[PDB]
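*Asks:* Shown below is the structure under consideration.
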4 protein chains.
Amino acid sequence: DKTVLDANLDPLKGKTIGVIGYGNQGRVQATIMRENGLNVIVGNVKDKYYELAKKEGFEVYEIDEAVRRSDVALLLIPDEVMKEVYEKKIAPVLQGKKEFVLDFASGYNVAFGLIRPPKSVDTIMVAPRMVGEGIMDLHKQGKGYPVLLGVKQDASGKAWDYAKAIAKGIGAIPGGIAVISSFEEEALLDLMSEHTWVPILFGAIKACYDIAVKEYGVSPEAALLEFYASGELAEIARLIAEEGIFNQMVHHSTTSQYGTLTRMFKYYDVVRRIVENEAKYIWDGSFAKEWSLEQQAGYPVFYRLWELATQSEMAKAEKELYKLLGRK
Amino acid sequence: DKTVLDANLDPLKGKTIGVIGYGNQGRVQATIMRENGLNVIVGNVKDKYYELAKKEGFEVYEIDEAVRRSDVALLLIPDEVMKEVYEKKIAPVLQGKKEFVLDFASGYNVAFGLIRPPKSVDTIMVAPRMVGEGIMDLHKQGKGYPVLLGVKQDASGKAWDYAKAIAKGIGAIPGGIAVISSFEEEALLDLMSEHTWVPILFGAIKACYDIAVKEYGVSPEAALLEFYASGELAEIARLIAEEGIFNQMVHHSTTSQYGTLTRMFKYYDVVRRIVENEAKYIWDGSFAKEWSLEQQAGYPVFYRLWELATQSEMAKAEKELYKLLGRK
Amino acid sequence: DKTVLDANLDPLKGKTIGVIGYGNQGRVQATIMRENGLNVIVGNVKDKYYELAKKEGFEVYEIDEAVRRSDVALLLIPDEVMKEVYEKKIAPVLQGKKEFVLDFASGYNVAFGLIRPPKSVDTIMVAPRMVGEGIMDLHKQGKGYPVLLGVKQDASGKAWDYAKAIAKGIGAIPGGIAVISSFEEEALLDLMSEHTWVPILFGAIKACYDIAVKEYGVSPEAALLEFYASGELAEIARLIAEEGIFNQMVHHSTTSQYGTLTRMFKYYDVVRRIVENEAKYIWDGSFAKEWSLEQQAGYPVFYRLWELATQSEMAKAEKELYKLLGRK
Amino acid sequence: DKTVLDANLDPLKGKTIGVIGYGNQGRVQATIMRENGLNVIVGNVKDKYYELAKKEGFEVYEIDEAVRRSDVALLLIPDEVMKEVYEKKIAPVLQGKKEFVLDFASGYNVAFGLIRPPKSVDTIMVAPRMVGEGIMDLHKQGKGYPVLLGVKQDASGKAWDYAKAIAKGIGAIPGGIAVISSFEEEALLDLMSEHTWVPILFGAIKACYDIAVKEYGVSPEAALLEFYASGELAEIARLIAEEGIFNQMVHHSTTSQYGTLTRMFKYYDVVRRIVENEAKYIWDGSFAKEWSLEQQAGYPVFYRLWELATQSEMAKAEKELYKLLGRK
Ligand SMILES: NC(=O)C1=CN([C@@H]2O[C@H](COP(=O)(O)OP(=O)(O)OC[C@H]3O[C@@H](n4cnc5c(N)ncnc54)[C@H](O)[C@@H]3O)[C@@H](O)[C@H]2O)C=CC1
Ligand SMILES: NC(=O)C1=CN([C@@H]2O[C@H](COP(=O)(O)OP(=O)(O)OC[C@H]3O[C@@H](n4cnc5c(N)ncnc54)[C@H](O)[C@@H]3O)[C@@H](O)[C@H]2O)C=CC1
Ligand SMILES: NC(=O)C1=CN([C@@H]2O[C@H](COP(=O)(O)OP(=O)(O)OC[C@H]3O[C@@H](n4cnc5c(N)ncnc54)[C@H](O)[C@@H]3O)[C@@H](O)[C@H]2O)C=CC1
Ligand SMILES: O=C(O)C1(C(=O)O)CC1
Ligand SMILES: O=C(O)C1(C(=O)O)CC1
Ligand SMILES: O=C(O)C1(C(=O)O)CC1
Ligand SMILES: O=C(O)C1(C(=O)O)CC1
Ligand SMILES: [Mg+2]
Ligand SMILES: [Mg+2]
Ligand SMILES: [Mg+2]
Ligand SMILES: [Mg+2]
Ligand SMILES: [Mg+2]
Ligand SMILES: [Mg+2]
Ligand SMILES: [Mg+2]
Ligand SMILES: [Mg+2]
């Protein structure tokens, strides 16, 4: 009832498009927009990404120059830095424009009140559900992916059509779909995913390895092969996406079904408590504070935790093994 | 140091192979063994799988007949029923043989002392790391998968070569590898996987859905798209298998990296406790008892939990959605 | 809205009826069905109940013979044994029939997946709300009782009429009523009753006796007379059924009303917790496992608990007293 | 095995040395380097320390000028501010140099990823084990002190010799020794000292004073004399450094030995727990965040805690007393 499976592309036509930030997402999205008959110019600071963009047949102007030239702008730089960059390079140029469309790939900065623009511009959002490195793949298979879109500020009365045209232009639909929502919901959901069932999974795997090796005298090779060094999880996830999370298990053994179901219904309350805590922590705005301050300090915790993860026993063993298998 | 990347196939040659149980694994393995120039006959009870095997150009004899004819037998029926079936249909025919090789796809029945054969036969094990429905795929891509192999009883002094020839014959190597271990370790690892980080993941996802819908007024469609209805997890898992569990995250956003790492190191002790409890429960032999009794009663808990899972709100919503997307 | 107060009886007419199990319920139901112009034959194993049935003018055939002869069958044997008896004596004869109606007095075996029949038969349920020894009584007063009915499998499109005709035939309606429901609900409710407020009541009575005697120097006779050896509870329960559980108390003293209400609202949370625990334990299917295994072991706990109950002080005292009063 | 007791000094010769920050450490180290035939110029902002350096026969250039002139630079300013100062005054001048040696007196900024230089420079560390005011003393006694040294980045293949020459040049060896380590270990150790057994000691002393005065009616003078106003602790610490922490106690009374040992082995677990917590807090990088943010806010907690410490009863009493004794 709140979905789209295809839409138009023409309101983009004639206009000029500016993709600020040629990284994980800017690279892919700009490439596809080019392939869809949309002349896109890139705006980036002077670094290696500048070299790259300039090297892939892109007119890499400076940010403000791009905004000047462009009627549509895509703010594809980290969720952590498009505030310093906003009022210092965009908001001024914005006081000059009157017809301008501004897009995000997330609701972080705006849902938490870090970027509040004026009544002159159209303020939208369109967010994929991939990592970018997994979008090149689907595009090379004539496929599409899902997205979420939402609008905060309707200056021209035409927001939704612009959003849907963008969706079609970057390669989401046709082939996938898109749903309408707020910014709050998008932010909440992305962060719940990033905070609840990803880290829990990783910690459980790590704990299984540690235990099996240090209390049951197992060989690292076998542990790694069983837990994640094999492509089992990938096939399971594909079957989940194709058939259903539960129906999928009809391809497992009954032993697996039974153990999984029992232990799932056995541990539900604990993870429920955890999810409650984290979703509350987010809904308030505490995490955004935590994170912006982590920047302003210089990313110390970031650094140390990367180090601790890559200097763990499991990671060294994985190094040796992946070496053995020729995997890079 | 404990690995193989290719081996021979000839000791299989001349002999006859019997695949008892033409299901998830028997189907695939028998098919591939056929394709590798190994004449395989199938042994199964009279049901739909009998129809299937007989229909795919297989000489579907009765079990005992297959054992008679066969010099090698593969016991690919559920981990729950190859005891009634063992002494009643195999052990007698076995008292007649003297040169016979017997294979398992797991160490459950033998590690826990439910099947102890006599000194006359070779008792091995060879176990994949896939669900079967995900092996047809890799075989249709000229690829291989990992396995684990181990031997309990060496009657002919030639166990390991037989095991490795089987590995090569069913399609594991070349393309993947195989490692040697006990039966205890294999069982422990498979069950730890099936009991710790799969059900935890599923329960966390379910809890996220429930919370987001019942305490923050979210639309089911968006929740499902974010959490699992999208193919994000599949791409993440592929990148994990390819590059590494941590290095993979270099393709994410820094926000995701930070939240994930923090919450991973924050909740490690809890999941560690859980894994300890479950691994202990297994190492003792309690779960095998639990499970065999669940059979002998008639699978009541099994039934009820399937019902509860498929009659939850999330599953109905997924039904509607997958319908909308054309997914079956 | 989901009720019936009378219905037809003719679809039963012409057909033959088989009552498998001539015990607490089979005796009574078969007797009444006879009295309602329904020729019923009995099917039972060779024991004292066989003698009884054969002695009360019943054609006591063997089970399979009864099923052959019969177009309708009633499975009135314990909830614990109609699985061994099902596939070994019924399911085979069933593969031969195509028009056959099968009835239960409970949803235990089918709700938990211990008996799943084929698409050929009509699978219903009709369950009273009495103990059998209390139905002879009401029938000897031209009265009726309540029941619950539900159907799992509609093979002929006529289930409900068959169920209602059976209800009318055994003596429920007219005089009482009947309601439609699932099997799950019936099972849940019967077991909640049998697990929550019956045993709690008995334990409270026993504790009152023990305390009054061992800490306040009371005579056993008086304790027994007050608590249950008197017919007070019977009259209270009759008034409850007639007027209402609360309105009834208008015939008590105000002292009783006050104490009862206060202590009821005072202890509600505790019993609520207990009921939650037990209903959960049931909804999962754990109790069915517990119980089937108790059989397969040989009913040890059953035996020991009967012994402990009949060898308690209260029971001996009740023996002496009931002897004094001439009560058997 | 990882120690040095003397080394060379010549690689310093010919080069020019720049000491950025003429404070607690820069003053002392620069003075000694002068005395060792090493021409050192000072780089500092315009304040009283500028006056001082310029007044002690130092060419006090501006920071960038010093870096230009200098082939070796010592970054002896607070651990809290050499980031603003780094990229704004050093990193630019650094892009011009190719042969440059850069030294720290600690591993804080670099171990936590607040300062990551380019592959062009040599990045070392050399850290004393004194407070500076206690180094002038030992140098005026022809003695030396210990240090720790470590290198993060070897651009010229000559790091260690440079580090050891610096050690010899500032007055550590000969007379003391030096050990090699990472940056992580140095940081961890310094901070563990500053967080565990210093503050615990001070709090215990304060508590003893408070208790003795407010619950046993003692005179402040006596409490202060016993606990710290006497030079007992100094002599104890000297004997510890000379003989050993335990052997030292052979000069105490047996009463003291007994009480000390008993209560030491009695309270070990508690302090162990505390040390665990704090070392973990550090290893993650949380404290560095805490501290950099304390700066960015304006040092409020710092200020308030100084006030609370100097406005406590004990401090006023110490004021009066030290006045009485002529101590300043
Ligand atoms: N795969 C992913 O990482 C996903 C990202 N998104 C969203 O899209 C946005 C892009 O995220 P990523 O590209 O992955 O992060 P990223 O780390 O790859 O960002 C790199 C880009 O940001 C630019 N940049 C970096 N620092 C800058 C600075 N101080 N000033 C100006 N420009 C700077 C650089 O030019 C570079 O091109 C995020 O905001 C996120 O909300 C949504 C879907 C998934
Ligand atoms: N994808 C999977 O399920 C995996 C299975 N394995 C191992 O391989 C074995 C096969 O597991 P699955 O094929 O998935 O289970 P399954 O449920 O698919 O087993 C079905 C097969 O078992 C036969 N069978 C069933 N009941 C029987 C009975 N009472 N008497 C005689 N035969 C009966 C049937 O002929 C049928 O062909 C398991 O023991 C497991 O340890 C190892 C890797 C993954
Ligand atoms: N540095 C210290 O130990 C301090 C000691 N005090 C007080 O002064 C007193 C002396 O303490 P310390 O000399 O350090 O102990 P200590 O262990 O050095 O005592 C040794 C002396 O005690 C004599 N002695 C030992 N056992 C004896 C015995 N059974 N019978 C007769 N004489 C015996 C010996 O002749 C020897 O000279 C203590 O009571 C203490 O309260 C006060 C300030 C500090
Ligand atoms: O490989 C495994 O872990 C599975 C099993 O049932 O043993 C398929 C799920
Ligand atoms: O950083 C994000 O937002 C990701 C998401 O889509 O959840 C890629 C990981
Ligand atoms: O006999 C009793 O227990 C009653 C009383 O009020 O005393 C009638 C209820
Ligand atoms: O002065 C004290 O505290 C000492 C004693 O034993 O009394 C020397 C240690
Ligand atoms: Mg995100
Ligand atoms: Mg996401
Ligand atoms: Mg398994
Ligand atoms: Mg497995
Ligand atoms: Mg009952
Ligand atoms: Mg009942
Ligand atoms: Mg120090
Ligand atoms: Mg003393």
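For the structure tokens, the naming scheme is as follows: chains receive sequential letters (A, B, ...) according to their order of presentation, residues are indexed from 1 within each chain, and ligands are indexed from 1 in presentation order.
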I want to know what sits within 8 Å of residue C:111, based on only C-alpha atoms, with residues of the same chain fewer than 4 positions away left out; could you give that as a list in words?
*Replies:*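 After dropping sequence-adjacent residues, the list is residues 107, 183, 184 and 187 of chain C.
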*Asks:* Output N, CA, C and O atoms for every residue in that selection, as a PDB file, in the first residue's frame.
*Replies:*
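result.pdb, written as the output of this step:
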```
ATOM      1  N   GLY C 107      -8.580 -33.017  22.197  1.00  0.00           N
ATOM      2  CA  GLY C 107      -7.669 -32.608  21.148  1.00  0.00           C
ATOM      3  C   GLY C 107      -6.214 -32.899  21.422  1.00  0.00           C
ATOM      4  O   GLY C 107      -5.346 -32.349  20.726  1.00  0.00           O
ATOM      5  N   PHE C 183      -8.924 -27.367  18.198  1.00  0.00           N
ATOM      6  CA  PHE C 183      -8.418 -28.410  19.074  1.00  0.00           C
ATOM      7  C   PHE C 183      -7.449 -27.834  20.093  1.00  0.00           C
ATOM      8  O   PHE C 183      -7.424 -28.256  21.257  1.00  0.00           O
ATOM      9  N   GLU C 184      -6.664 -26.853  19.650  1.00  0.00           N
ATOM     10  CA  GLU C 184      -5.681 -26.214  20.514  1.00  0.00           C
ATOM     11  C   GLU C 184      -6.345 -25.637  21.752  1.00  0.00           C
ATOM     12  O   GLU C 184      -5.881 -25.842  22.877  1.00  0.00           O
ATOM     13  N   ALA C 187      -7.710 -28.387  24.213  1.00  0.00           N
ATOM     14  CA  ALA C 187      -6.613 -28.998  24.951  1.00  0.00           C
ATOM     15  C   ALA C 187      -6.082 -28.049  26.013  1.00  0.00           C
ATOM     16  O   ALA C 187      -5.947 -28.413  27.189  1.00  0.00           O
TER      17      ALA C 187
END
```
*Asks:* Which chains and residue numbers are within 8 Å of ligand 1, counting only C-alpha atoms and all ligand atoms, if I want them as a ChimeraX atom specification?
*Replies:* /A:20-26,44-47,49-50,75-82,85,104-108,127-133 /B:251-254,256
*Asks:* For the residues in the current selection, export N, CA, C and O atoms as a short mmCIF file (atom, residue, chain, number, x, y, z; two decimals), in the first residue's frame.
*Replies:*
```
data_model
loop_
_atom_site.label_atom_id
_atom_site.label_comp_id
_atom_site.auth_asym_id
_atom_site.auth_seq_id
_atom_site.Cartn_x
_atom_site.Cartn_y
_atom_site.Cartn_z
N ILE A 20 28.22 14.93 -4.28
CA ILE A 20 29.27 15.37 -3.37
C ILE A 20 29.70 14.17 -2.55
O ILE A 20 28.97 13.70 -1.67
N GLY A 21 30.90 13.67 -2.83
CA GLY A 21 31.47 12.55 -2.11
C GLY A 21 31.51 11.30 -2.97
O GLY A 21 30.52 10.58 -3.09
N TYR A 22 32.67 11.04 -3.57
CA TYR A 22 32.84 9.94 -4.51
C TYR A 22 33.49 8.74 -3.81
O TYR A 22 34.62 8.35 -4.11
N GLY A 23 32.76 8.17 -2.86
CA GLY A 23 33.26 7.04 -2.10
C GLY A 23 32.48 5.77 -2.33
O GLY A 23 32.15 5.43 -3.47
N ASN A 24 32.19 5.05 -1.24
CA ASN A 24 31.46 3.79 -1.35
C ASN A 24 30.18 3.96 -2.16
O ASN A 24 29.92 3.21 -3.11
N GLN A 25 29.37 4.96 -1.81
CA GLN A 25 28.09 5.18 -2.46
C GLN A 25 28.18 6.14 -3.64
O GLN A 25 27.56 5.90 -4.68
N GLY A 26 28.94 7.22 -3.51
CA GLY A 26 29.00 8.19 -4.59
C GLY A 26 29.54 7.58 -5.87
O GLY A 26 29.01 7.84 -6.96
N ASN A 44 34.28 17.16 -4.86
CA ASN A 44 35.06 16.47 -3.85
C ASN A 44 36.28 17.31 -3.50
O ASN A 44 36.72 18.15 -4.28
N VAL A 45 36.81 17.05 -2.31
CA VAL A 45 38.04 17.69 -1.86
C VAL A 45 39.22 17.05 -2.58
O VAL A 45 39.07 16.00 -3.22
N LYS A 46 40.39 17.66 -2.48
CA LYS A 46 41.57 17.22 -3.21
C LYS A 46 42.22 16.07 -2.45
O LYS A 46 42.94 16.27 -1.48
N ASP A 47 41.95 14.85 -2.90
CA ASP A 47 42.58 13.65 -2.35
C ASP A 47 42.50 12.55 -3.40
O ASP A 47 42.24 12.81 -4.58
N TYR A 49 40.30 10.17 -3.83
CA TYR A 49 38.98 10.07 -4.46
C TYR A 49 38.82 11.12 -5.56
O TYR A 49 38.14 10.86 -6.56
N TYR A 50 39.43 12.29 -5.39
CA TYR A 50 39.44 13.29 -6.45
C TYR A 50 40.12 12.73 -7.69
O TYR A 50 39.59 12.83 -8.81
N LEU A 75 24.32 14.24 -1.14
CA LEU A 75 25.26 14.50 -0.06
C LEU A 75 25.82 13.18 0.47
O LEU A 75 25.53 12.73 1.58
N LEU A 76 26.64 12.55 -0.36
CA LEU A 76 27.15 11.21 -0.09
C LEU A 76 28.56 11.26 0.51
O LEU A 76 29.52 10.71 -0.04
N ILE A 77 28.67 11.93 1.65
CA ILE A 77 29.89 11.88 2.44
C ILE A 77 29.52 11.32 3.80
O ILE A 77 28.32 11.19 4.10
N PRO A 78 30.48 10.97 4.65
CA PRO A 78 30.14 10.30 5.91
C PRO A 78 29.06 11.01 6.71
O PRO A 78 28.90 12.23 6.63
N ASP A 79 28.32 10.24 7.51
CA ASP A 79 27.26 10.78 8.35
C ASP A 79 27.81 11.64 9.48
O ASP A 79 27.03 12.15 10.29
N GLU A 80 29.12 11.80 9.56
CA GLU A 80 29.79 12.41 10.69
C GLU A 80 30.35 13.78 10.39
O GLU A 80 30.68 14.52 11.33
N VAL A 81 30.47 14.14 9.12
CA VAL A 81 31.21 15.32 8.71
C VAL A 81 30.38 16.27 7.87
O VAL A 81 30.83 17.40 7.63
N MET A 82 29.18 15.90 7.46
CA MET A 82 28.37 16.82 6.67
C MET A 82 27.64 17.82 7.55
O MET A 82 26.46 18.12 7.33
N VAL A 85 30.97 20.67 6.89
CA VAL A 85 30.97 20.89 5.46
C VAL A 85 29.70 21.58 5.00
O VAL A 85 29.69 22.19 3.93
N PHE A 104 19.62 13.04 0.73
CA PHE A 104 20.44 12.30 1.67
C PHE A 104 20.31 10.81 1.42
O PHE A 104 19.34 10.34 0.82
N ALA A 105 21.30 10.06 1.89
CA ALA A 105 21.25 8.60 1.91
C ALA A 105 20.93 8.07 3.31
O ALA A 105 21.18 6.89 3.59
N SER A 106 20.41 8.92 4.18
CA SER A 106 20.12 8.54 5.56
C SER A 106 19.46 9.73 6.25
O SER A 106 19.53 10.86 5.76
N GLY A 107 18.83 9.46 7.38
CA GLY A 107 18.16 10.48 8.16
C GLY A 107 18.89 10.90 9.42
O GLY A 107 18.28 11.55 10.28
N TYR A 108 20.17 10.57 9.56
CA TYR A 108 20.90 10.85 10.78
C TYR A 108 20.95 12.34 11.07
O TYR A 108 20.43 12.81 12.08
N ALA A 127 17.36 6.06 0.57
CA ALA A 127 18.38 5.25 1.21
C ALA A 127 18.33 3.81 0.71
O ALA A 127 17.26 3.18 0.79
N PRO A 128 19.44 3.26 0.21
CA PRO A 128 19.44 1.85 -0.18
C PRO A 128 19.47 0.90 0.99
O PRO A 128 19.41 1.30 2.16
N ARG A 129 19.58 -0.39 0.68
CA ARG A 129 19.67 -1.46 1.65
C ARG A 129 20.78 -2.42 1.26
O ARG A 129 20.64 -3.64 1.29
N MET A 130 21.91 -1.84 0.87
CA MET A 130 23.08 -2.60 0.45
C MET A 130 24.32 -1.88 0.93
O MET A 130 24.25 -0.81 1.54
N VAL A 131 25.48 -2.48 0.65
CA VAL A 131 26.76 -1.93 1.08
C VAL A 131 27.51 -1.27 -0.06
O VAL A 131 28.64 -0.79 0.14
N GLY A 132 26.94 -1.24 -1.26
CA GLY A 132 27.58 -0.59 -2.39
C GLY A 132 28.41 -1.57 -3.19
O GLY A 132 28.18 -1.76 -4.39
N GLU A 133 29.37 -2.21 -2.53
CA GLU A 133 30.10 -3.31 -3.16
C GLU A 133 29.16 -4.44 -3.55
O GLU A 133 29.55 -5.30 -4.34
N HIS B 251 34.03 -1.93 3.91
CA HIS B 251 33.07 -1.51 2.90
C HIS B 251 31.81 -0.92 3.51
O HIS B 251 30.91 -0.51 2.77
N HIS B 252 31.72 -0.87 4.83
CA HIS B 252 30.59 -0.26 5.52
C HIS B 252 30.87 1.22 5.76
O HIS B 252 31.90 1.77 5.36
N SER B 253 29.93 1.88 6.43
CA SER B 253 30.15 3.23 6.90
C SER B 253 30.83 3.21 8.26
O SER B 253 30.73 2.24 9.02
N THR B 254 31.53 4.30 8.57
CA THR B 254 32.24 4.38 9.84
C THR B 254 31.28 4.31 11.01
O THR B 254 31.60 3.75 12.06
N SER B 256 28.56 2.54 11.17
CA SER B 256 28.27 1.13 11.37
C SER B 256 29.43 0.44 12.06
O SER B 256 29.24 -0.32 13.02
#
```
*Asks:* Contacts of residue B:318 at 12 Å or less, counting only C-alpha atoms, minus same-chain residues fewer than 3 places along, as a PyMOL selection string?
*Replies:* (chain A and resi 240-247) or (chain B and resi 209+220-225+227-230+310-315+321-328)
*Asks:* Produce a file of the selected residues containing N, CA and C atoms, as a compact mmCIF listing (two decimals), in the first residue's frame.
*Replies:*
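Output (out.txt):
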```
# COMPACT_ATOMS: atom_id res chain seq x y z
N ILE A 240 16.92 -17.45 2.63
CA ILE A 240 16.03 -16.63 3.44
C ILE A 240 15.38 -15.56 2.57
N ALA A 241 16.20 -14.82 1.82
CA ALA A 241 15.66 -13.78 0.96
C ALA A 241 14.71 -14.34 -0.08
N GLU A 242 14.95 -15.56 -0.54
CA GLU A 242 14.15 -16.11 -1.63
C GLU A 242 12.83 -16.68 -1.14
N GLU A 243 12.86 -17.52 -0.11
CA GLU A 243 11.72 -18.31 0.32
C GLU A 243 11.07 -17.79 1.59
N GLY A 244 11.86 -17.47 2.60
CA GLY A 244 11.36 -17.05 3.89
C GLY A 244 12.33 -17.53 4.95
N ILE A 245 12.34 -16.82 6.08
CA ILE A 245 13.33 -17.10 7.11
C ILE A 245 13.10 -18.48 7.71
N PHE A 246 11.84 -18.89 7.84
CA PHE A 246 11.50 -20.16 8.46
C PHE A 246 11.37 -21.28 7.43
N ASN A 247 10.55 -21.06 6.40
CA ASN A 247 10.41 -22.04 5.34
C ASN A 247 11.77 -22.52 4.85
N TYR B 209 11.82 -6.61 15.30
CA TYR B 209 10.54 -6.39 14.64
C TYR B 209 9.45 -6.06 15.65
N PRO B 220 5.08 -2.58 9.29
CA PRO B 220 5.74 -3.89 9.12
C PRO B 220 6.62 -3.99 7.89
N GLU B 221 6.17 -3.39 6.78
CA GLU B 221 6.91 -3.49 5.53
C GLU B 221 8.35 -3.03 5.70
N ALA B 222 8.53 -1.86 6.31
CA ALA B 222 9.86 -1.28 6.45
C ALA B 222 10.73 -2.12 7.36
N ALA B 223 10.18 -2.56 8.49
CA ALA B 223 10.92 -3.43 9.40
C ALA B 223 11.43 -4.66 8.67
N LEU B 224 10.55 -5.33 7.93
CA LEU B 224 10.94 -6.54 7.24
C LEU B 224 12.01 -6.26 6.19
N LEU B 225 11.85 -5.17 5.44
CA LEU B 225 12.84 -4.82 4.43
C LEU B 225 14.21 -4.60 5.06
N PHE B 227 15.43 -5.61 8.14
CA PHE B 227 16.07 -6.65 8.94
C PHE B 227 16.52 -7.83 8.09
N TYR B 228 15.59 -8.51 7.41
CA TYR B 228 15.99 -9.66 6.61
C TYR B 228 15.35 -9.74 5.23
N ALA B 229 14.21 -9.10 4.97
CA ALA B 229 13.60 -9.24 3.65
C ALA B 229 14.49 -8.73 2.53
N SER B 230 15.54 -7.99 2.86
CA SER B 230 16.52 -7.56 1.88
C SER B 230 17.68 -8.55 1.83
N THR B 310 5.29 -20.12 12.45
CA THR B 310 4.59 -19.76 11.23
C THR B 310 3.30 -19.00 11.48
N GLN B 311 2.80 -18.97 12.72
CA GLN B 311 1.60 -18.23 13.06
C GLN B 311 1.90 -16.94 13.80
N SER B 312 3.15 -16.49 13.76
CA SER B 312 3.50 -15.21 14.35
C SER B 312 3.18 -14.08 13.37
N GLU B 313 3.08 -12.87 13.92
CA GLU B 313 2.74 -11.71 13.11
C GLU B 313 3.76 -11.50 12.00
N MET B 314 5.04 -11.59 12.36
CA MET B 314 6.10 -11.38 11.38
C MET B 314 5.95 -12.30 10.18
N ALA B 315 5.57 -13.55 10.42
CA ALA B 315 5.49 -14.51 9.32
C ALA B 315 4.33 -14.18 8.39
N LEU B 321 4.01 -9.65 2.02
CA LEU B 321 5.04 -8.93 1.29
C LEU B 321 5.60 -9.78 0.16
N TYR B 322 6.21 -10.92 0.50
CA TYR B 322 6.75 -11.82 -0.51
C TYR B 322 5.74 -12.06 -1.62
N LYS B 323 4.45 -12.10 -1.29
CA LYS B 323 3.42 -12.14 -2.31
C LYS B 323 3.51 -10.92 -3.21
N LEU B 324 3.59 -9.74 -2.60
CA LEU B 324 3.66 -8.51 -3.38
C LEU B 324 4.87 -8.50 -4.31
N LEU B 325 6.01 -8.98 -3.84
CA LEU B 325 7.24 -8.96 -4.62
C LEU B 325 7.33 -10.10 -5.62
N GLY B 326 6.30 -10.94 -5.72
CA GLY B 326 6.34 -12.10 -6.57
C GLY B 326 7.15 -13.25 -6.03
N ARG B 327 7.98 -13.02 -5.01
CA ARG B 327 8.69 -14.11 -4.37
C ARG B 327 7.70 -15.14 -3.85
N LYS B 328 8.02 -16.41 -4.08
CA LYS B 328 7.14 -17.50 -3.69
C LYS B 328 7.09 -17.67 -2.18
```
*Asks:* Pick out each residue of stretch 88-237 of chain C that DSSP on the backbone tags as strand (DSSP E or B); I need them as a ChimeraX atom specification.
*Replies:* /C:101-103,122-128,147-153,178-180
*Asks:* Restricted to C-alpha atoms, what would the selected residues look like written as an mmCIF file, in the first residue's frame?
*Replies:*
```
data_model
loop_
_atom_site.group_PDB
_atom_site.id
_atom_site.type_symbol
_atom_site.label_atom_id
_atom_site.label_comp_id
_atom_site.auth_asym_id
_atom_site.auth_seq_id
_atom_site.Cartn_x
_atom_site.Cartn_y
_atom_site.Cartn_z
ATOM 1 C CA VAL C 101 -16.073 -40.287 10.208
ATOM 2 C CA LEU C 102 -13.613 -40.282 13.109
ATOM 3 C CA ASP C 103 -14.311 -38.692 16.492
ATOM 4 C CA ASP C 122 -13.640 -36.588 8.349
ATOM 5 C CA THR C 123 -11.724 -35.669 11.512
ATOM 6 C CA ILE C 124 -13.809 -34.007 14.224
ATOM 7 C CA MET C 125 -13.890 -33.643 17.993
ATOM 8 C CA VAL C 126 -16.668 -33.527 20.587
ATOM 9 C CA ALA C 127 -15.772 -33.230 24.262
ATOM 10 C CA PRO C 128 -17.999 -33.166 27.371
ATOM 11 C CA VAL C 147 -19.690 -29.980 25.455
ATOM 12 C CA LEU C 148 -17.161 -28.481 23.082
ATOM 13 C CA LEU C 149 -16.812 -29.479 19.462
ATOM 14 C CA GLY C 150 -14.372 -28.694 16.700
ATOM 15 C CA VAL C 151 -13.254 -30.132 13.403
ATOM 16 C CA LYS C 152 -9.758 -30.507 12.020
ATOM 17 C CA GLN C 153 -10.476 -32.100 8.659
ATOM 18 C CA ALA C 178 -22.280 -26.767 22.773
ATOM 19 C CA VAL C 179 -19.669 -24.376 21.411
ATOM 20 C CA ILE C 180 -17.324 -24.505 18.438
#
```
*Asks:* Quick one: pull the distance between atom CA of residue C:97 and atom CA of residue B:62, Å, one decimal.
*Replies:*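 Computing the Euclidean distance for atom CA of residue C:97 and atom CA of residue B:62 yields 28.8 Å.
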